[PDB]
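Given next are two forms of a protein chain, the same chain in both, each as structure tokens and marked structure 1 or structure 2.
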Structure 1
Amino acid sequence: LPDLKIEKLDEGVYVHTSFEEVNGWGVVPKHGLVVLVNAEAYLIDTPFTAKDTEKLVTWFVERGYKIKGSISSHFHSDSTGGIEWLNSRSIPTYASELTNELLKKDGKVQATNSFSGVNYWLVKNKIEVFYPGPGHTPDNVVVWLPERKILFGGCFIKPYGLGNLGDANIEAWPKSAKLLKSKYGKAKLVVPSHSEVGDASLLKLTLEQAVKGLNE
């Protein structure tokens, strides 16, 4: 329904939000971020379509920022929908080796650059990628911004419900959420993909929801 919106969240950090009607769920927002590092912009999750990705990129370009790259938190289209367009514009794209393999298995275009491991610095000491383990999907990773203490949790952060479990790993999620909460209790802001920004308590709520889902 509403168009893509881009609003400031904190210094050098913007939240981009698109909306989608999802069968069985109603209107659902999709939040991603744009992080600025000295005159350059990094996309944390791409929008869902090539046209929303062009819009997002153009909004920062028109303000003098060069798009240095994008990182997708997991393989579903709401995080990677923009990789094809970014690659066509020769803008560096990034995703974990697991994410690219899922994209490949899925007949989707892959990120141009990959990484693996528990932690990976997209930008040394400024934009870190952390893999807590399987949860919402097998490959989901989060993005941490040290200065502002902002954690982009993506589709892993599910404080009020787990959402679509089609590619989830219900067995592993609680372990994954425990590790994530231990790691980022220091977060001032946690930005979920599908719900409002919150504080570190969202890590606890996600652990609870995951625990709850393993039972039933």
Structure 2
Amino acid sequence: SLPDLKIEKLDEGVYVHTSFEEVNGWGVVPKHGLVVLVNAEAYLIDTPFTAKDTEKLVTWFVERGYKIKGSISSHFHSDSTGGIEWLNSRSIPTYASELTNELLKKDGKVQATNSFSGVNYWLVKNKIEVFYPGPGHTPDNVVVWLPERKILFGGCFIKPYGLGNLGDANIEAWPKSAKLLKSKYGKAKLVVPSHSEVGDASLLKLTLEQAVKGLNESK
């Protein structure tokens, strides 16, 4: 059996959720997202892989008196978006980029109910920022910045030890995108990847290195 959903406190008002899925050719894959609390309201930064774990995650916070105000998905793959359909059935607002929703639609998947377009977007003004660094892991991948805590959720874009599945990646653009990300958040206290442990801003440097290598390798 797969490991259970985990929820762990990372900082004041910031929790990491980890869910697990068997993915062909990789075996058991962990996926980290966040829950961010603003007063008595909770925001999901990426859904778990499944509806089941999305329900478990929501239930946990609601039973502790936090109202789920919305989710945002950092890219179209189902490790960030698998719970959108269940959230929509419960009338909890879901958010994704215009490009992410276009890629969901193209793949015949449920879309987020709200979309945003542009390089920067405030999900919650002065608290939860979204930034598009450019194509990398996928054409649509965005990151989420919490300015009060100096925490960056890098999602599946942050790849310190190797780039992973390149099926939907843009390996030519990833170094440029990673350099932009490094330049913007070099002062981050914590960087949270989807698929490896939380670190500091060096994860931005290591990601840039791994992208520059992959592009070289591909020739």
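Only residues modelled in both forms are compared. All residue numbers here refer to structure 1's sequence, counted from 1. Between two forms, the rigid core is defined as the largest C-alpha subset superposing within 1.5 Å.
Novice: Any idea which of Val27, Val61, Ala39, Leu165 has its C-alpha shifted 2 Å or more between the two structures with the rigid core fixed?
Specialist: With the rigid core fitted, the residue that moves is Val27.
Novice: Could you check how much the CA of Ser18 shifts between the two structures after a rigid core fit, in angstrom?
Specialist: In the core superposition between the two structures, the C-alpha of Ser18 moves 1.1 Å.
Novice: Core-aligned, what's the Cα displacement of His194 between the two structures in Å?
Specialist: That residue's C-alpha sits 0.2 Å away in the other form.
Novice: I need the moving stretches between the two structures: superpose on the rigid core, then report runs of 3+ consecutive residues where each CA shifts by 2 Å or more, in sequence order.
Specialist: 20 to 28 is the lone stretch that moves between the two structures.
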